[PDB]
Amino acid sequence: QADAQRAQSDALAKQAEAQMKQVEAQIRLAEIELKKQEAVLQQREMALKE
Amino acid sequence: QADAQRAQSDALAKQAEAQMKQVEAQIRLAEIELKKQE
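These protein sequences, in sequence, are chains A and B. Note that the working numbering has the first sequence beginning at 127, numbered continuously upward. Note that the working numbering has the second sequence beginning at -14, numbered continuously upward.
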C-alpha cells in the first residue's frame, strides 16, 4: 500500500509535474493574449480620439 | 524511493532553465514597456 502511494508520488513528481508546467505555460499564453487585447483596446481608443 | 529522488532532482534541474527563461521574458517585457513609455 505504501509502495502504491510512493508510485503515485513518483507519478506526481514526473507526469503530473510536467502537466502542471504545461498548465503554467498555458496561463502565461492567456496572460499574453489578454495584454494583446488591452493593446488593441488602447489602439481603438486612439482611433476614437483621432 | 532513490529513483524518484533522482527524478525529482533532474526535474528541478530541467525546470530551472524554464524558470530562468520566464524571468528573462519578464525582464524583457519590462524593458519593452519602459521603451514604449519613452
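For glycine and all other residues, C-beta sits at the position ideal for the given N, C-alpha and C.
Taking 7 Å as the cut-off, decide whether the C-beta atoms of residue i and residue j are in contact.
i, j, result
"residue 139/A", "residue 4/B", "no"
"residue -13/B", "residue 143/A", "no"
If the cut is a Cβ gap below 8 Å, which residues of chain A does residue i touch?
i, result
"residue -11/B", "132, 135, 136 and 139"
"residue 3/B", "147"
Please list the partners that residue i has in chain B, where partner means a Cβ-to-Cβ separation under 7 Å.
i, result
"residue 162/A", "Here the premise fails: no neighbours, minimum Cβ distance about 12 Å."
What does residue i touch in chain B if you count any residue whose Cβ is under 8 Å from its own?
i, result
"residue 159/A", "The premise fails here: residue 159/A is roughly 14 Å from chain B at the closest Cβ pair, so nothing lies under 8 Å."
Less than 8 Å between the CB atoms is what I'm expecting for residue i and residue j, so what's the real figure, rounded?
i, j, result
"residue 0/B", "residue 147/A", "6 Å"
"residue 132/A", "residue -11/B", "7 Å"
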